[PDB]
$ cat structure_38.txt   # compact mmCIF, C-alpha atoms and all ligand atoms
# COMPACT_ATOMS: atom_id res chain seq x y z
CA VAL A 29 0.00 0.00 0.00
CA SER A 30 1.57 3.19 -1.33
CA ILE A 31 1.59 6.69 0.08
CA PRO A 32 1.36 8.98 -2.95
CA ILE A 33 4.30 11.25 -3.75
CA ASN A 34 4.21 14.06 -6.33
CA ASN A 35 6.58 13.66 -9.31
CA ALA A 36 8.04 10.58 -7.60
CA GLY A 37 10.12 9.55 -10.65
CA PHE A 38 10.99 13.10 -11.78
CA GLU A 39 9.14 12.45 -15.03
CA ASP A 40 7.86 16.07 -14.96
CA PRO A 41 8.92 17.89 -17.07
CA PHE A 42 9.24 15.90 -20.29
CA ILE A 43 12.71 16.23 -21.84
CA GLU A 44 13.05 15.45 -25.54
CA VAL A 45 16.80 15.15 -26.18
CA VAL A 46 18.84 12.45 -24.42
CA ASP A 47 21.12 13.84 -21.69
CA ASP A 48 19.37 17.22 -21.78
CA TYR A 49 18.39 18.58 -18.40
CA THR A 50 16.76 21.38 -16.42
CA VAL A 51 18.50 23.47 -13.76
CA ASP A 52 15.45 24.41 -11.67
CA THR A 53 13.79 22.59 -8.77
CA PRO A 54 11.69 19.68 -10.08
CA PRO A 55 7.92 20.25 -9.88
CA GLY A 56 6.41 18.83 -6.69
CA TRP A 57 9.74 19.06 -4.83
CA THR A 58 11.62 21.79 -3.01
CA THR A 59 15.34 22.40 -2.82
CA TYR A 60 16.72 21.29 0.53
CA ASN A 61 19.29 23.99 1.16
CA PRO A 62 20.43 24.13 4.80
CA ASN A 63 23.88 25.54 3.96
CA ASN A 64 22.73 27.98 1.23
CA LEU A 65 24.97 26.22 -1.30
CA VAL A 66 22.36 26.37 -4.09
CA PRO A 67 21.37 29.77 -5.55
CA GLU A 68 17.82 30.82 -6.35
CA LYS A 69 18.83 31.51 -9.96
CA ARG A 70 20.86 28.71 -11.53
CA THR A 71 23.06 28.03 -14.53
CA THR A 72 24.47 24.82 -15.94
CA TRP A 73 27.49 25.42 -13.71
CA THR A 74 26.17 26.85 -10.46
CA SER A 75 25.26 24.48 -7.72
CA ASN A 76 21.87 23.31 -8.95
CA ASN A 77 19.30 20.56 -9.23
CA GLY A 78 16.73 19.53 -11.80
CA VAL A 79 15.69 16.61 -13.97
CA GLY A 80 17.54 14.88 -16.79
CA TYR A 81 16.53 12.41 -19.52
CA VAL A 82 18.51 9.12 -19.52
CA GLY A 83 17.80 7.24 -22.73
CA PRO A 84 19.57 5.30 -25.46
CA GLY A 85 22.71 7.20 -26.36
CA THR A 86 23.30 8.50 -22.85
CA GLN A 87 26.93 9.32 -22.14
CA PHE A 88 26.58 9.09 -18.35
CA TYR A 89 25.07 5.72 -17.41
CA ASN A 90 25.46 2.04 -18.24
CA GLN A 91 21.69 1.52 -18.11
CA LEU A 92 18.45 3.38 -18.73
CA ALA A 93 16.81 5.37 -15.96
CA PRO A 94 15.50 3.06 -13.22
CA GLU A 95 11.98 4.35 -13.94
CA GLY A 96 10.54 6.13 -16.98
CA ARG A 97 12.72 8.58 -18.90
CA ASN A 98 14.08 10.93 -16.25
CA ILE A 99 16.16 11.07 -13.12
CA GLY A 100 16.55 13.92 -10.64
CA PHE A 101 20.04 15.28 -10.14
CA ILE A 102 21.87 17.49 -7.64
CA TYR A 103 25.22 19.12 -8.48
CA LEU A 104 27.27 21.09 -5.94
CA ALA A 105 30.13 23.29 -7.14
CA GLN A 106 31.55 24.15 -3.70
CA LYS A 107 34.53 22.19 -2.37
CA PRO A 108 33.96 18.99 -0.36
CA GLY A 109 33.08 19.75 3.26
CA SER A 110 31.09 22.91 2.45
CA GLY A 111 27.72 21.45 3.39
CA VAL A 112 24.83 19.55 1.81
CA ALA A 113 21.82 20.14 -0.43
CA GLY A 114 19.18 18.17 -2.26
CA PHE A 115 15.48 17.46 -2.74
CA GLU A 116 12.71 17.60 -0.15
CA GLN A 117 9.01 16.82 -0.31
CA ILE A 118 6.50 17.15 2.52
CA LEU A 119 3.56 14.77 2.12
CA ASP A 120 -0.07 15.04 3.18
CA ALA A 121 0.15 11.73 5.07
CA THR A 122 0.96 11.99 8.78
CA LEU A 123 2.95 9.74 11.10
CA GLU A 124 0.69 7.12 12.69
CA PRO A 125 1.50 4.66 15.50
CA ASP A 126 1.77 0.88 15.12
CA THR A 127 2.60 1.44 11.47
CA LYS A 128 5.72 0.45 9.53
CA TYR A 129 6.94 2.76 6.76
CA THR A 130 9.23 1.63 3.93
CA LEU A 131 10.98 4.29 1.82
CA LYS A 132 12.83 3.19 -1.32
CA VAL A 133 14.74 5.34 -3.78
CA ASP A 134 17.26 4.57 -6.50
CA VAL A 135 20.57 6.38 -6.17
CA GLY A 136 22.69 7.06 -9.23
CA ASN A 137 26.41 7.71 -9.68
CA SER A 138 26.79 9.40 -13.06
CA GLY A 139 29.87 8.50 -15.09
CA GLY A 140 31.56 9.79 -18.20
CA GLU A 141 32.33 13.43 -18.97
CA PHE A 142 30.46 16.70 -19.43
CA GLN A 143 32.03 19.60 -21.36
CA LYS A 144 35.31 17.68 -20.94
CA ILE A 145 34.90 17.64 -17.12
CA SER A 146 35.20 14.13 -15.68
CA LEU A 147 32.15 12.83 -13.82
CA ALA A 148 34.25 10.10 -12.17
CA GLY A 149 33.84 9.96 -8.41
CA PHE A 150 30.91 10.39 -6.06
CA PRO A 151 29.90 12.91 -3.37
CA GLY A 152 28.03 10.52 -1.07
CA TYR A 153 24.28 10.47 -0.49
CA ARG A 154 21.76 10.50 2.35
CA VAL A 155 18.12 9.39 2.12
CA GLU A 156 15.88 10.66 4.97
CA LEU A 157 12.38 9.78 6.18
CA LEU A 158 10.93 12.69 8.16
CA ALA A 159 8.07 13.50 10.49
CA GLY A 160 7.89 17.28 10.57
CA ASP A 161 11.51 18.43 10.83
CA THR A 162 12.69 15.23 12.55
CA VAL A 163 14.73 12.61 10.66
CA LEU A 164 13.05 9.38 11.83
CA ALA A 165 15.50 7.07 10.03
CA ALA A 166 18.06 7.65 7.31
CA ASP A 167 20.49 5.83 5.04
CA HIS A 168 23.70 7.91 5.29
CA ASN A 169 25.73 6.63 2.34
CA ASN A 170 25.56 2.91 3.15
CA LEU A 171 25.66 1.64 -0.46
CA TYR A 172 28.73 1.55 -2.68
CA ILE A 173 27.67 2.71 -6.16
CA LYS A 174 30.11 2.66 -9.07
CA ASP A 175 30.30 5.29 -11.81
CA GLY A 176 27.52 4.74 -14.32
CA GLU A 177 25.33 2.63 -12.03
CA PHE A 178 22.23 2.83 -9.82
CA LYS A 179 21.44 1.04 -6.55
CA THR A 180 18.25 1.01 -4.42
CA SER A 181 18.38 2.50 -0.90
CA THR A 182 15.76 1.26 1.58
CA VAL A 183 14.85 3.04 4.82
CA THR A 184 12.24 1.59 7.20
CA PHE A 185 10.72 2.92 10.41
CA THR A 186 8.07 1.77 12.88
CA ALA A 187 6.27 4.37 15.01
CA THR A 188 5.15 3.33 18.49
CA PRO A 189 2.14 4.85 20.30
CA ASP A 190 4.57 6.85 22.45
CA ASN A 191 6.45 8.41 19.56
CA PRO A 192 6.76 12.20 20.06
CA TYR A 193 6.12 13.00 16.37
CA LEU A 194 2.77 11.30 15.76
CA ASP A 195 0.33 13.29 13.56
CA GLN A 196 3.12 15.36 11.96
CA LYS A 197 3.40 15.28 8.18
CA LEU A 198 5.70 12.70 6.65
CA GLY A 199 8.56 14.01 4.53
CA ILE A 200 11.38 12.77 2.31
CA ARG A 201 14.84 14.22 1.68
CA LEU A 202 17.34 13.09 -0.97
CA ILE A 203 20.70 14.66 -0.15
CA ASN A 204 24.06 15.27 -1.86
CA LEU A 205 26.63 15.01 0.96
CA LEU A 206 29.44 16.89 -0.88
CA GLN A 207 32.04 14.46 0.51
CA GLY A 208 33.92 13.87 -2.75
CA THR A 209 34.28 14.81 -6.43
CA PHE A 210 32.79 14.72 -9.01
CA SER A 211 30.18 16.23 -6.72
CA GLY A 212 26.97 15.31 -8.51
CA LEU A 213 24.55 12.45 -8.02
CA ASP A 214 21.11 11.35 -9.18
CA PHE A 215 17.91 9.92 -7.68
CA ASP A 216 14.91 8.14 -9.19
CA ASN A 217 11.76 6.18 -8.44
CA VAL A 218 10.89 7.35 -4.92
CA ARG A 219 8.44 4.93 -3.27
CA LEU A 220 6.86 5.09 0.19
CA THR A 221 4.71 2.18 1.35
CA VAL A 222 2.97 1.45 4.62
CA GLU A 223 1.73 -1.56 6.58
CA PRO A 224 0.45 -2.33 10.09
CA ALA A 225 3.17 -3.06 12.61
CA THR B 26 44.89 -9.05 1.66
CA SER B 27 42.14 -10.61 3.79
CA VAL B 28 39.62 -9.69 6.51
CA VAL B 29 41.45 -8.01 9.41
CA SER B 30 40.15 -6.60 12.69
CA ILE B 31 41.09 -3.00 13.48
CA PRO B 32 41.91 -2.60 17.19
CA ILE B 33 39.44 -0.61 19.28
CA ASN B 34 40.08 0.27 22.94
CA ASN B 35 37.53 -0.99 25.49
CA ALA B 36 35.43 -2.18 22.54
CA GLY B 37 32.93 -4.08 24.67
CA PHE B 38 32.88 -1.59 27.58
CA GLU B 39 34.31 -4.28 29.86
CA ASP B 40 36.45 -1.65 31.62
CA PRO B 41 35.69 -0.99 34.42
CA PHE B 42 34.68 -4.27 35.98
CA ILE B 43 31.40 -3.99 37.89
CA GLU B 44 30.60 -6.48 40.64
CA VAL B 45 26.88 -5.87 41.27
CA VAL B 46 24.39 -6.78 38.56
CA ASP B 47 22.56 -3.74 37.14
CA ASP B 48 25.00 -1.32 38.76
CA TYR B 49 26.65 1.27 36.56
CA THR B 50 29.12 4.13 36.28
CA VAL B 51 28.16 7.66 35.28
CA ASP B 52 31.48 8.74 33.79
CA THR B 53 32.94 8.47 30.29
CA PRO B 54 34.13 4.87 29.75
CA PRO B 55 37.91 4.43 29.50
CA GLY B 56 39.13 4.50 25.91
CA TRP B 57 36.19 6.63 24.69
CA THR B 58 35.30 10.31 24.76
CA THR B 59 31.89 11.84 25.29
CA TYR B 60 30.49 13.06 21.99
CA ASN B 61 28.77 16.26 23.03
CA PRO B 62 27.97 18.54 20.05
CA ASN B 63 24.95 20.14 21.76
CA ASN B 64 26.51 20.36 25.28
CA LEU B 65 23.68 18.23 26.69
CA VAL B 66 25.98 16.18 28.95
CA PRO B 67 27.52 17.94 31.99
CA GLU B 68 31.14 17.41 32.94
CA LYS B 69 29.97 16.19 36.38
CA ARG B 70 27.11 13.69 36.33
CA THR B 71 24.70 11.92 38.64
CA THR B 72 22.07 9.25 38.01
CA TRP B 73 19.44 11.63 36.60
CA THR B 74 21.54 14.21 34.87
CA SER B 75 22.46 13.54 31.28
CA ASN B 76 25.34 11.07 31.42
CA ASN B 77 27.08 8.03 29.99
CA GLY B 78 28.97 5.10 31.44
CA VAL B 79 29.06 1.32 31.60
CA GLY B 80 26.65 -1.15 33.18
CA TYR B 81 26.82 -4.84 34.14
CA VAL B 82 24.06 -6.83 32.37
CA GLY B 83 24.21 -10.34 33.81
CA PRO B 84 21.90 -12.92 35.40
CA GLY B 85 19.42 -11.01 37.54
CA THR B 86 19.13 -8.04 35.17
CA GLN B 87 15.88 -6.10 35.26
CA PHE B 88 16.44 -4.48 31.86
CA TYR B 89 16.79 -7.20 29.20
CA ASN B 90 15.54 -10.67 28.24
CA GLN B 91 19.10 -11.57 27.28
CA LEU B 92 22.52 -11.06 28.81
CA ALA B 93 25.11 -8.57 27.58
CA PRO B 94 25.93 -9.26 23.91
CA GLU B 95 29.61 -9.56 24.88
CA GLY B 96 31.23 -10.08 28.27
CA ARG B 97 29.66 -8.53 31.38
CA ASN B 98 29.04 -4.89 30.49
CA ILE B 99 27.35 -2.59 28.04
CA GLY B 100 27.95 1.13 27.45
CA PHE B 101 25.01 3.48 27.90
CA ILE B 102 24.03 7.08 27.16
CA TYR B 103 21.14 8.79 28.98
CA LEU B 104 19.78 12.25 28.18
CA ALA B 105 17.58 14.25 30.55
CA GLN B 106 16.60 17.02 28.13
CA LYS B 107 13.39 16.89 26.10
CA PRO B 108 13.22 15.19 22.68
CA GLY B 109 14.58 17.55 20.03
CA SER B 110 17.23 19.13 22.27
CA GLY B 111 20.21 17.61 20.45
CA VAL B 112 22.34 14.46 20.47
CA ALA B 113 25.19 12.97 22.48
CA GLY B 114 27.11 9.74 22.82
CA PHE B 115 30.46 8.00 22.50
CA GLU B 116 33.35 8.74 20.17
CA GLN B 117 36.67 7.00 19.66
CA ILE B 118 39.36 8.01 17.18
CA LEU B 119 41.44 5.05 16.06
CA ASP B 120 45.11 4.75 15.19
CA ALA B 121 44.25 3.18 11.83
CA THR B 122 43.75 5.51 8.87
CA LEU B 123 41.51 5.45 5.80
CA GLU B 124 43.06 3.37 3.03
CA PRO B 125 42.04 3.10 -0.63
CA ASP B 126 40.63 -0.01 -2.34
CA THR B 127 39.38 -1.26 1.02
CA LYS B 128 35.95 -2.16 2.40
CA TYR B 129 35.20 -1.30 6.02
CA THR B 130 32.59 -3.10 8.11
CA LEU B 131 31.51 -1.57 11.40
CA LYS B 132 29.23 -3.62 13.65
CA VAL B 133 27.81 -2.73 17.04
CA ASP B 134 25.00 -4.14 19.14
CA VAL B 135 22.33 -1.57 20.03
CA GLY B 136 20.22 -2.14 23.13
CA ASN B 137 16.75 -0.85 23.99
CA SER B 138 16.59 -1.23 27.74
CA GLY B 139 13.25 -2.30 29.20
CA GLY B 140 11.57 -2.60 32.55
CA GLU B 141 11.70 -0.15 35.44
CA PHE B 142 14.37 1.90 37.21
CA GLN B 143 13.53 3.82 40.41
CA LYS B 144 9.82 3.57 39.49
CA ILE B 145 10.59 5.25 36.13
CA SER B 146 9.44 3.34 33.07
CA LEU B 147 12.23 2.42 30.67
CA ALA B 148 9.62 1.80 27.97
CA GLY B 149 10.42 3.63 24.76
CA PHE B 150 13.57 4.46 22.88
CA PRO B 151 15.43 7.65 21.86
CA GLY B 152 16.74 6.42 18.50
CA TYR B 153 20.38 5.76 17.63
CA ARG B 154 23.01 6.59 15.05
CA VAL B 155 26.20 4.61 14.43
CA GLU B 156 28.87 6.52 12.48
CA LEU B 157 32.08 5.52 10.72
CA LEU B 158 34.46 8.48 10.46
CA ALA B 159 37.64 9.48 8.71
CA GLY B 160 38.97 12.65 10.29
CA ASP B 161 35.91 14.86 10.89
CA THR B 162 33.81 13.34 8.08
CA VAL B 163 30.96 10.88 8.57
CA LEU B 164 31.75 8.44 5.74
CA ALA B 165 28.69 6.26 6.33
CA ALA B 166 26.16 5.97 9.12
CA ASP B 167 23.20 3.92 10.30
CA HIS B 168 20.70 6.57 11.42
CA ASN B 169 18.12 4.57 13.37
CA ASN B 170 17.47 1.96 10.68
CA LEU B 171 16.64 -0.96 13.01
CA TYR B 172 13.46 -1.33 15.02
CA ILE B 173 14.49 -2.53 18.48
CA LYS B 174 11.95 -3.64 21.09
CA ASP B 175 12.26 -2.93 24.80
CA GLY B 176 14.45 -5.58 26.42
CA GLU B 177 16.43 -6.65 23.33
CA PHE B 178 19.64 -5.88 21.45
CA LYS B 179 20.05 -5.82 17.65
CA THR B 180 23.24 -5.60 15.59
CA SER B 181 23.78 -2.48 13.46
CA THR B 182 26.10 -2.84 10.45
CA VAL B 183 27.74 0.04 8.56
CA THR B 184 29.89 -0.57 5.49
CA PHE B 185 32.00 1.77 3.39
CA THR B 186 34.27 1.35 0.37
CA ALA B 187 37.13 3.83 0.01
CA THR B 188 38.35 4.54 -3.53
CA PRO B 189 41.77 5.94 -4.55
CA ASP B 190 40.10 9.33 -5.14
CA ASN B 191 38.43 9.57 -1.74
CA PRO B 192 39.44 13.00 -0.35
CA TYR B 193 39.94 11.72 3.23
CA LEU B 194 42.51 8.97 2.67
CA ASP B 195 45.16 8.74 5.43
CA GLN B 196 42.94 10.55 7.94
CA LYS B 197 42.37 8.72 11.22
CA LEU B 198 39.34 6.43 11.37
CA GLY B 199 36.72 7.12 14.02
CA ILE B 200 33.56 5.63 15.51
CA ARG B 201 30.55 7.39 17.03
CA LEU B 202 27.65 5.77 18.89
CA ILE B 203 24.91 8.35 19.33
CA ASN B 204 21.70 8.85 21.34
CA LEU B 205 19.37 10.79 18.97
CA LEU B 206 17.04 12.08 21.76
CA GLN B 207 13.99 11.50 19.54
CA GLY B 208 11.91 9.64 22.12
CA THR B 209 11.50 8.69 25.77
CA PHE B 210 12.67 6.80 27.75
CA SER B 211 15.77 8.66 26.50
CA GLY B 212 18.46 6.09 27.27
CA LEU B 213 20.06 3.39 25.17
CA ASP B 214 22.92 0.91 25.32
CA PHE B 215 25.74 -0.25 23.04
CA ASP B 216 28.05 -3.28 23.14
CA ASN B 217 30.54 -5.31 21.12
CA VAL B 218 32.02 -2.72 18.77
CA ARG B 219 33.82 -4.42 15.85
CA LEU B 220 35.57 -2.89 12.84
CA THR B 221 37.14 -4.92 10.04
CA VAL B 222 38.86 -3.97 6.80
CA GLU B 223 39.21 -6.14 3.70
CA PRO B 224 40.27 -5.71 0.06
CA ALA B 225 37.42 -4.27 -1.98
CA CA C 1 12.13 8.43 -13.54
CA CA C 2 30.38 9.92 -10.75
CA CA C 3 18.27 0.13 -9.64
CA CA C 4 30.48 -6.02 26.69
CA CA C 5 13.45 1.31 26.38

$ encode --input "structure_38.txt" --output "structure tokens" --more "lines below"
Ligand SMILES: [Ca+2]
Ligand SMILES: [Ca+2]
Ligand SMILES: [Ca+2]
Ligand SMILES: [Ca+2]
Ligand SMILES: [Ca+2]
Amino acid sequence: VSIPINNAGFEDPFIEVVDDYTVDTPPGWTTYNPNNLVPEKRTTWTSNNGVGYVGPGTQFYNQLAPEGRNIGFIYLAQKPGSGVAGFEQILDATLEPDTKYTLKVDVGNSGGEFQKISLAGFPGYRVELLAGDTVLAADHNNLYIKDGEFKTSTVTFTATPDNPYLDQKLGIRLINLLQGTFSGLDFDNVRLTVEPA
Amino acid sequence: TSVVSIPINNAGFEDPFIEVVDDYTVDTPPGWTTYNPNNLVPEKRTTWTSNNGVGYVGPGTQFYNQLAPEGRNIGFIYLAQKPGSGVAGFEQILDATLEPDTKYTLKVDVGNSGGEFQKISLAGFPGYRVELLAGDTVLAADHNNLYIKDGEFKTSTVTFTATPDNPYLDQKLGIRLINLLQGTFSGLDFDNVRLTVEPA
């Protein structure tokens, strides 16, 4: 049983040309920006985020997008250690007790080169499940993902009747840790499902 | 060229020895420092201030349906402030340093103490985070990924692969075991810290 998420596979907007991309916050999401690394007005080369089309002929991946045409990316131009940024979405569903939540997202390490800049290397990722502003459970960079590949991160959480955050809105964050270069990474196919526990 | 254990001081909190079952210290365990980024833990502690220490979990224990995962003792962190006030726990910087083409495996048992202490319910859990460090950088971490019932321990596992281009190679490895203070009762236990390295 799914909890609906807006633009969960970053398929909005449609992108016609393979490897073309946007540099603005994907519809349905907000830019998680606790260290002000990402500017309000972006270019190709500022710190930015957006969606990109991974299809046949892609120069960056050894497979198609995990879901549909598009993935969501986050690029950070500041040096490693400067902070983090990413995607955030607050949901209408609220944290309920005796319920087990399962968050899954695919995490992508883009390979290849862009404007003769090597994409080799990875910044590290964090996937967060939130109630309000509280990170209930999170995968802080537990998966090793090679250049050009995707892997699925899974975060689960069970709320007890005594949890302090019951009735707050559930949220998701997909974070670029900026702990290495090349300092971009991708996400796709966000899924949140729920079951009695 | 094979799986090797990296030495950790007082890795099962067996120092100091504690004679009486369910008795405990309230000072930083030997070999570890108090991780205190939000200054929640005072330098001088009593039972009901924020604190940390070691505790003997043996036959007779009121807090678990099992004995200590390893040896006699566990290490604990208790926080008196309200949920949301910050985090605290244990930190230990190791002599070993981050090496390329290696896979690190950090394991620690996380305990959710149950029962009653001084008529206070130990029901509930603050949440935990287990961190593998190089220098000041959290390379990988288990932020509360296991559901742990009152009265049991579960093993948390954190893995990390260091590449030749990792920016933190040759920095000293570290371990943090953290009370998240995201619930009450706001205490939790750790035991049996293990770190291995192997060719990736
Ligand atoms: Ca997609
Ligand atoms: Ca890459
Ligand atoms: Ca995949
Ligand atoms: Ca022990
Ligand atoms: Ca408990």

$ closest_atom_pairs --input "structure_38.txt" --of "chain A" --to "ligand CA 2 (chain C)" --cutoff "6 Å" --atoms "only C-alpha atoms and all ligand atoms" --output "tab-separated table"
residue	atom	partner	partner_atom	distance
A:137	CA	C:CA2	CA	4.7
A:138	CA	C:CA2	CA	4.3
A:139	CA	C:CA2	CA	4.6
A:147	CA	C:CA2	CA	4.6
A:148	CA	C:CA2	CA	4.1
A:149	CA	C:CA2	CA	4.2
A:150	CA	C:CA2	CA	4.7
A:175	CA	C:CA2	CA	4.8
A:210	CA	C:CA2	CA	5.6

$ interface_residues --input "structure_38.txt" --of "chain A" --to "chain B" --cutoff "10 Å" --atoms "all atoms listed in the file" --output "VMD selection string"
chain A and resid 108 to 109 128 148 to 154 156 161 to 173 182 to 193 205 207 to 210

$ residues_near_ligand --input "structure_38.txt" --ligand "ligand CA 1 (chain C)" --cutoff "6 Å" --atoms "only C-alpha atoms and all ligand atoms" --output "PDB file with C-alpha atoms, in the frame of the given file"
ATOM      1  CA  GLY A  37      10.120   9.550 -10.650  1.00  0.00           C
ATOM      2  CA  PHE A  38      10.990  13.100 -11.780  1.00  0.00           C
ATOM      3  CA  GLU A  39       9.140  12.450 -15.030  1.00  0.00           C
ATOM      4  CA  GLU A  95      11.980   4.350 -13.940  1.00  0.00           C
ATOM      5  CA  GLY A  96      10.540   6.130 -16.980  1.00  0.00           C
ATOM      6  CA  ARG A  97      12.720   8.580 -18.900  1.00  0.00           C
ATOM      7  CA  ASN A  98      14.080  10.930 -16.250  1.00  0.00           C
ATOM      8  CA  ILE A  99      16.160  11.070 -13.120  1.00  0.00           C
ATOM      9  CA  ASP A 216      14.910   8.140  -9.190  1.00  0.00           C
ATOM     10  CA  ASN A 217      11.760   6.180  -8.440  1.00  0.00           C
TER      11      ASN A 217
END

$ residues_near_ligand --input "structure_38.txt" --ligand "ligand CA 4 (chain C)" --cutoff "7 Å" --atoms "only C-alpha atoms and all ligand atoms" --output "ChimeraX atom specification"
/B:37-39,93-99,216-217

$ closest_atom_pairs --input "structure_38.txt" --of "chain A" --to "ligand CA 3 (chain C)" --cutoff "8 Å" --atoms "only C-alpha atoms and all ligand atoms" --output "Markdown table"
| residue | atom | partner | partner_atom | distance |
| --- | --- | --- | --- | --- |
| A:94 | CA | C:CA3 | CA | 5.4 |
| A:134 | CA | C:CA3 | CA | 5.5 |
| A:135 | CA | C:CA3 | CA | 7.5 |
| A:177 | CA | C:CA3 | CA | 7.9 |
| A:178 | CA | C:CA3 | CA | 4.8 |
| A:179 | CA | C:CA3 | CA | 4.5 |
| A:180 | CA | C:CA3 | CA | 5.3 |

$ residues_around --input "structure_38.txt" --residues "residue 46 (chain B)" --least-positions-apart "3" --cutoff "12 Å" --atoms "all atoms listed in the file" --output "ChimeraX atom specification"
/B:42-43,49,79-88,92-93,97-99

$ atom_distance --input "structure_38.txt" --atom1 "CA of residue 100 (chain A)" --atom2 "CA of residue 196 (chain A)"
26.3 Å

$ residues_around --input "structure_38.txt" --residues "residue 224 (chain B)" --least-positions-apart "3" --cutoff "7 Å" --atoms "all atoms listed in the file" --output "list in words"
residues 26, 27, 126, 127 and 128 of chain B
